[PDB]
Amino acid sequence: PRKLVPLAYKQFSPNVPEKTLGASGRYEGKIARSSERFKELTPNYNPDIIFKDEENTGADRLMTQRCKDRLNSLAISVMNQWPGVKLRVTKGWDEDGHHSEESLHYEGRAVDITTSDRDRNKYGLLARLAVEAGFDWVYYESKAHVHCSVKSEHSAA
């Protein structure tokens, strides 16, 4: 077994920029509800994940299949790591311009996460679990959340 080392505040893994091929790849443009690319998004209703849904639109649940798959893996590992605690998404797909100009939040490929108990002391380890779950980039971006993203299916030729 490998020793699990939490990420430190502001650390990202892998240790390269988010939008490189070694990580989550390119920004492919905002997805709006009216977009053809809205069909890239699938609603995640995993009962073992809490969604903050601050906008009251369900947008946090709408994500690409790869994002869903990694999130669902992470949900198992979070409950393994801290029995009685669940994975929580505090921000997923952004319909409303609240991130930097080319954020993967705009295309349903990034989620900001916490544990369900909002114990900030758990977040460094949560970030390491997100790496182990196969997220393509994980960034301990603020004391309040870990930013996790995935590559798209559009760069493999």
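Residue indices: 1-based, along the sequence shown.
Enquirer: Averaging the C-alpha B factors as listed in the entry, name the stretch that ends up higher: 134 to 142 or 19 to 27.
Expert: It is 19 to 27 that shows the higher mean C-alpha B-factor.
Enquirer: Got a sec? Mean C-alpha B-factor, which is higher, 58 to 66 or 100 to 108?
Expert: Comparing averages over the C-alpha atoms only gives 100 to 108.
Enquirer: For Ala157, does the deposited CA B-factor place it in the lowest, middle or highest third of the chain?
Expert: As the PDB entry reports it, the C-alpha B-factor of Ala157 lands in the highest third of its chain.
Enquirer: Give the position of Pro47 by CA B-factor within its chain, expressed as the lowest, middle or highest third.
Expert: Its C-alpha B-factor belongs to the highest third of this chain's values.
Enquirer: What third of its chain's C-alpha B-factors does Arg120 belong to: lowest, middle or highest?
Expert: Middle third - that is where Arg120 ends up once the chain's C-alpha B-factors are sorted.
Enquirer: When the modelled residues of the chain are sorted by Cα temperature factor, does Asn72 land in the lowest, middle or highest third?
Expert: As the PDB entry reports it, the C-alpha B-factor of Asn72 lands in the middle third of its chain.
Enquirer: Name the third of the chain's ranked CA B-factors that contains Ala32, choosing lowest, middle or highest.
Expert: Highest third.
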